[PDB]
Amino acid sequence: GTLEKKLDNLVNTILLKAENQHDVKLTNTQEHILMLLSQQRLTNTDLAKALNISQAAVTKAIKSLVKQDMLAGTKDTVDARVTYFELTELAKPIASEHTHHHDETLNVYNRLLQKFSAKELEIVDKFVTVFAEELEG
């Protein structure tokens, strides 16, 4: 079959795996907010930029997180327009675990990349780079 189709299938298997094997029910957006907040305080707008999604998608994910006692907001003392989010105690084990599953998957990607010569990997780089640009938009 075409490479177009294998890419289509690659995207589908990522989507299907994430819905199938993995009392909070966090979305990936919310887990990746918690990931980024676990290493520094950030604003709604830093989060939106870092994840490349709308500010309104971030505001929505943060409201649901605050509702589940996962985050707490505190305003900045020099500029009251600015709110910083940080993890509550209850979120920290949830975040750590998600971070640890990312760490394990990085080894999976290492092993797979290892099958390519370093020549091959410049092309793999070039491919993942353009693909990611495209899938962003």
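From 1 onward, residues are counted along the sequence shown.
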- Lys115 to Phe116: deposited residues not modelled, binned count -> none
- Mean CA B-factor: is it higher for 23-31 or for 98-106? 23-31
- Ranked by Cα temperature factor within the chain, is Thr45 in the lowest third, the middle third or the highest third? middle
- Query: If you rank every modelled residue in this chain by C-alpha B factor, which third holds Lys63: lowest, middle or highest?
  - Reply: lowest
- Query: Against its chain's modelled residues, does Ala132's Cα B factor rank lowest, middle or highest third?
  - Reply: highest
- Item | Third of the chain, ranked by Cα B-factor, where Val124 sits | middle
- Lowest, middle or highest third: where is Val78 by Cα B-factor in its chain? highest
